[PDB]
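Student: opening with a subset of the complex:
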Amino acid sequence: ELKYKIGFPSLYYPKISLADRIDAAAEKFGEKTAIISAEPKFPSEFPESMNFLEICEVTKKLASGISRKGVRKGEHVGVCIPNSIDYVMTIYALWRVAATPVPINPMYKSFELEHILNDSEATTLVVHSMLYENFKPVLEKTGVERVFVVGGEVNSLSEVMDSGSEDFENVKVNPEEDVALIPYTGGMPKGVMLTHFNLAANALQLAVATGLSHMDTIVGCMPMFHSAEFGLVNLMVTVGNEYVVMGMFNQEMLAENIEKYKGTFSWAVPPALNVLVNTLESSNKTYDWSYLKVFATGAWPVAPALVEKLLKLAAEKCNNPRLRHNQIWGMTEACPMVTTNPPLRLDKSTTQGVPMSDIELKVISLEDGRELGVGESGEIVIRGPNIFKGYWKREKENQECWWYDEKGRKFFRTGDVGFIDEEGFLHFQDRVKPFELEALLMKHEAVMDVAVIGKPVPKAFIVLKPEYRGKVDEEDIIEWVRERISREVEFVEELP
């Protein structure tokens, strides 16, 4: 019962290595500035900015060097580097070698690092020197055989590049079968295997849906190790836009960079937008966001009140009375962009929009599994060229998240509940429905049994081995966990 009909056009997706686009981007955009490093910034082994020819050449050399150093096709390579041109150059080089990077959250500590490395069975690690100490304590406990340190004195990127040749040729791949990236889903952690075809397709889908092109300049403030921000970074080599890097989220600097670099687009998760709005609200500064067309939100639904506040402040303090809001919905298993509002209907920016190119979305009944109609809530299921191959080392899960239609077509059960309105727009309602700390605490030699609970701030109830009573206080535990996890336990209470 649709009263309005709108969607995004079917596209053609080429069967290519994600690396071919690096080459193509160099040939099509040449000297156009591809990426620029802005404040705040972490130490880098690259210049402040680079054009497509430089990205092309630098990545060929790094690929050759890393390859000669032992990295092989399909190898799982842990990559832990904060937002920077270095992170991008690393991932791209790995793609030229047809290796499989495993993005690792820079905020992770000992415990988290050991476990994602072991779960993913990474045999190589590229880490920023500033983060190396976090890995050192547990590296020997993993399968990592090779370590490269961005900005290090030993095995740095430039050193690897000096050993590489500029005449490197992309390693051939089966686009639809070979895994190009394994981001871990941030409940029950698991690696999502995304093929070259999946990511190549999501880039085109994303470009066509948002309208982002060679005329745009994207200012990124969200974590690059997350598929969302990186999905935006990867547009560079797809449509030739410019990307502005920020080492970390800093509301004030985000506002300045949008002005300084004449940003045409940016986005943030809701809580970050709230911090930016409050900083604009209390500040006595004036900004020039006259080129900013859209500031989007993602990860989770934003409050309409927050969006209104942004657009008002943008008009009263950012010399931008025409700014529009929009949002993209999706999940890691989808590269991860799925839906967004078409520019023709930005007035529906409070909904999750419609499916991007070639994505088919249905609402499935939680009672009997039948397909539901307009206005009816049920689990959202999706099909498209961007839908993941499956979870890494998770046999069970790989056989429980599927839905097939009458023609044998496979859909992914998102685990999300929602409904489609009369205009065809998606309304995400909710997901269908701590331990890491216990698992951590469980390795402390003095521990016999641990139980962690929330406390309005986590609090742990530990059962010391009789042999340790009085030998370890509630403070020794607090410090111990602090040094091993990002989440840390706040208060500890011991008892029999």
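Tutor: That came through, no problem. Numbers count the residues shown, from 1 in each chain, chains lettered A, B, ... in the order given.

Student: tell me the secondary structure for residue A:344?
Tutor: Here residue A:344 is recorded as helix under DSSP: H, G, I helix; E, B strand; the rest coil.

Student: hang on, it packs against residue A:5?
Tutor: No: Residue A:344 is beyond contact range of residue A:5, at 11.5 Å (criterion: CB atoms under 8 Å). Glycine gets a C-beta too; all of them are placed from N, C-alpha and C.

Student: does anything pack onto the one helix or strand residue A:207 maps to? Which helices or strands?
Tutor: Counting by DSSP states H and E, the element that carries residue A:207 is helix A:196-210. If you count contacts as 3 or more CB pairs under 8 Å, 6 or more residues apart in numbering; DSSP states H and E, helix A:196-210 packs onto strand A:179-181, helix A:227-233, helix A:236-239, strand A:324-330, strand A:337-340.

Student: mean neighbour count added to the ones you listed, as JSON lines?
Tutor: Compiled in JSON lines, the helices and strands packed on helix A:196-210 are given as follows (neighbours: other CB atoms under 10 Å):
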{"stretch": "strand A:179-181", "mean neighbour count": "24"}
{"stretch": "helix A:227-233", "mean neighbour count": "23"}
{"stretch": "helix A:236-239", "mean neighbour count": "23"}
{"stretch": "strand A:324-330", "mean neighbour count": "24"}
{"stretch": "strand A:337-340", "mean neighbour count": "26"}
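
Student: which one of the ones you listed lies nearest to residue A:86?
Tutor: Among those, helix A:227-233 comes nearest to residue A:86, with 12.4 Å by CB to CB.

Student: from the middle of its chain, how far away would that closest one be?
Tutor: From the chain centre to the centre of helix A:227-233 is a distance of 6 Å (CA atoms, centre = their mean, to the nearest Å).

Student: show me what that helix is packed up against.
Tutor: Judged by 3+ CB pairs under 8 Å, 6+ apart, helix A:227-233 is in contact with helix A:196-210.

Student: quick revisit: columns distance to residue A:461 on top of the helices and strands packed on helix A:196-210, output as CSV?
Tutor: Below are the helices and strands packed on helix A:196-210 laid out as CSV (distance: least, CB to CB, whole Å):
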stretch, distance to residue A:461
strand A:179-181, 39
helix A:227-233, 36
helix A:236-239, 50
strand A:324-330, 38
strand A:337-340, 41
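
Student: wait, which of these is closest to residue A:451?
Tutor: Of all those, helix A:227-233 sits nearest to residue A:451, with 33.6 Å by CB to CB.

Student: just how off-centre is stretch A:14-27 within its chain?
Tutor: Distance of stretch A:14-27 from the chain centroid (CA atoms, centre = their mean) equals 21 Å.

Student: now do the end-to-end distance for that stretch.
Tutor: Stretch A:14-27 has an end-to-end distance of 17 Å (criterion: CA to CA, to the nearest Å).

Student: list the buried ones in that stretch?
Tutor: Buried positions in stretch A:14-27, judged by neighbour count with 16 or more other CB atoms under 10 Å: A:16-26.

Student: out of the residues you listed, list just those in helices.
Tutor: If you go by DSSP state H, those have A:20-26 in helices.

Student: list the contacts of residue A:467.
Tutor: Residues in contact with residue A:467 (CB atoms under 8 Å, 6 or more residues apart in numbering) are residue A:446.

Student: swap in residue A:293?
Tutor: So residue A:293 contacts A:264-265, A:322-324 (CB under 8 Å, 6+ apart).

Student: also put chain B on there:
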Amino acid sequence: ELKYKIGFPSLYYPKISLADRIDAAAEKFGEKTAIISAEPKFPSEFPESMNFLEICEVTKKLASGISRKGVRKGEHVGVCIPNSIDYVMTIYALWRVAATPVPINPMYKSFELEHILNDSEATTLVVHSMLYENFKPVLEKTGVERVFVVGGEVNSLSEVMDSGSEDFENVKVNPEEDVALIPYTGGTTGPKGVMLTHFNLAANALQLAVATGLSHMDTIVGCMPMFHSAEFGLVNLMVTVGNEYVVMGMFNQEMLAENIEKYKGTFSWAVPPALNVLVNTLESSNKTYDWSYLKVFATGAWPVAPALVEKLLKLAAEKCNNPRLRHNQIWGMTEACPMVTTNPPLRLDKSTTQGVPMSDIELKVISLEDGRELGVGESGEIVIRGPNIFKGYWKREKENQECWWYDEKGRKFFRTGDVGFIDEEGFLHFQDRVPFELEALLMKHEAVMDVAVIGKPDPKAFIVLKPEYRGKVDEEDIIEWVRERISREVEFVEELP
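Tutor: Placing chain B onto the earlier chains gives this:
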């Protein structure tokens, strides 16, 4: 240096036979209704509507049949059929056999039909029954070897797929070399075919889709001539994005309004004169319509006037139950398949301009005098480069040597023969197609009543002096007068009442 930045995203263009989309569309969209024949309708040899699976199969038996009857790859096949499913099915079957259709205006006088069947050197003709009379008394004077009559008694499309096999495989082509269509253009009148490749047309289909946003969710109600590359460009989005297309045999503004309502049209377009006719009826008649699904009504082939656009939107809100209707326009020309620019959906407030170039299309403005690339705000000839630019004109060597421009990297651009400029926001303002500056200037001489300027062999102005001043102003007066107001100066004058 713009004060607003926007454009369309670069895309990937497959190197395939246009016919391969027919196969692909069947797989992607299956049983979805693809095309519907609405009123006014002419006799047809096909159902009132077809889904993508059916189109795939029928065009296979036809492709097989017309091939077995003699049609060969590369063959220039004349095609004269009015808007209908038959026209589309014909072009599609001919693309499967890799032939090269040459669309023919259904309203050409008998001799005009001869001039094109010969100029295009066509050896096969597919013509509608109701039109076969205009051909017969002149076919003898052409190279036409075969004649298929749609809705005819002998050699009808029906009889042809009778001889065709359901199992037919598209004839492989060199997407970038093989001509898929040769539409003619009357650019300057003082008439040449335009060779378009499979790659050109396949690319323009994606550019159009992405630029307009048309998708499987749309229903296009076509009311313009299918033999013109513009309307056909739109009917072709069908096997590209899976939208539904509604056919109209000819232009009737009332039936257009009814069809948009009936089939819940979401998109449609017409040339300015057609929109004028529609608006005058909507405004004079009291009949109302339900166009709640219509998102955009576009115009093309020439810039529409703001008051006409504003008037349409008011009437739509007022009598068509559609208060959120938007207007837009697509600019281009036959040598570009023909889609070149349109306004991004984010800036429809600029629907009065010709928009920005579509995906992968590069556009520049060059000086009419010297030829140097101009910048923003400056008026000059528009030149374009993209995957949709034609291979060249059919047997018109000289033309193919003077329609090209080159940039600092030696890259080729097509001189459009059009004049315009780019505004501060990067939007194209088409002013007019490529003396009047003098007649206009001279008309401002309050002694001059009528003026006409001509270029004289190695400019001369013929002037009609007002009775009042007859004999009181000489030739030097005029020359001196214009010399003080222009840079172009009229070299000679002659009074002639």
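
Student: so, what packs on helix A:196-210 revisited with chain B in the model?
Tutor: In terms of contacts (3 or more CB pairs under 8 Å, 6 or more residues apart in numbering or on different chains; DSSP states H and E), helix A:196-210 is packed against strand A:179-181, helix A:227-233, helix A:236-239, strand A:324-330, strand A:337-340.

Student: which residues are contacting the third one?
Tutor: Read that as helix A:236-239. Contact with helix A:236-239 is made by A:21-22, A:24-25, A:34-35, A:52, A:55, A:203-204, A:207, A:212-214, A:216, A:242-243, B:9-10, as judged by CB atoms under 8 Å, 6 or more residues apart in numbering or on different chains.

Student: and what of the first one?
Tutor: Contacts of strand A:179-181 from elsewhere in the structure, counted by CB under 8 Å, 6+ apart, are A:18, A:74, A:91, A:95, A:100-103, A:173, A:193-196, A:198-199, A:227, A:389.

Student: let's see it at 7 Å
Tutor: Applying CB atoms under 7 Å, 6 or more residues apart in numbering or on different chains, the external contacts of strand A:179-181 come out as A:18, A:95, A:100-101, A:193-196, A:199, A:389.

Student: the helix or strand following the helix holding residue A:207: which residues count as buried?
Tutor: Next helix or strand after helix A:196-210 toward the C-terminus (DSSP H and E): strand A:217-219. Neighbour-count burial for strand A:217-219, with 16 or more other CB atoms under 10 Å in any protein chain shown as criterion, is recorded at A:217-219.

Student: what sits against the residue of the stretch 251-400 of chain A found nearest chain B?
Tutor: Proximity of the stretch 251-400 of chain A to chain B (CB to the nearest CB) peaks at residue A:343, 4.0 Å away. Residue A:343 makes contact with A:211, B:345-346, according to CB under 7 Å, 6+ apart.

Student: give the burial count for the residue found closest to residue A:329 once you drop the neighbours it is linked to in the chain, as a bare number.
Tutor: Excluding the flanking residues, the one nearest residue A:329 by CB to CB, 6 or more residues apart in numbering or on different chains is residue A:352, at 3.7 Å. Residues lying near residue A:352 (other CB atoms under 10 Å in any protein chain shown) number 24.

Student: surely residue A:352 and residue A:337 touch.
Tutor: No: with contact defined as CB atoms under 7 Å, residue A:352 does not count as touching residue A:337 (11.3 Å).

Student: which neighbours do the two have in common?
Tutor: When contacts are counted by CB under 7 Å, 6+ apart, the set common to residue A:352 and residue A:337 is empty.

Student: show me the contacts for residue A:303.
Tutor: By CB under 7 Å, 6+ apart, the contact set of residue A:303 is empty.

Student: again with residue A:383
Tutor: Each residue near residue A:383 by CB under 7 Å, 6+ apart is listed here: A:360, A:409-411.

Student: can you tell me which of these are buried?
Tutor: Applying 16+ other CB under 10 Å to these, the neighbour count classes residue A:411 as buried.

Student: now the contacts of residue A:383 as TSV including secondary structure and distance to chain B?
Tutor: Output for these, formatted as TSV (DSSP: H, G, I helix; E, B strand; the rest coil; distance: CB to the nearest CB, whole Å):
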residue	secondary structure	distance to chain B
A:360	strand	9
A:409	coil	10
A:410	strand	15
A:411	strand	15
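
Student: the contacts of residue A:383: which two are farthest apart?
Tutor: Among the contacts of residue A:383, the pair separated by the greatest distance (CB to CB) is A:360 and A:410, at 10.5 Å.

Student: make sure the residue nearest to residue A:329 is indeed in a strand.
Tutor: No: secondary structure assignment (three-state DSSP) places residue A:352 in coil, not in a strand.
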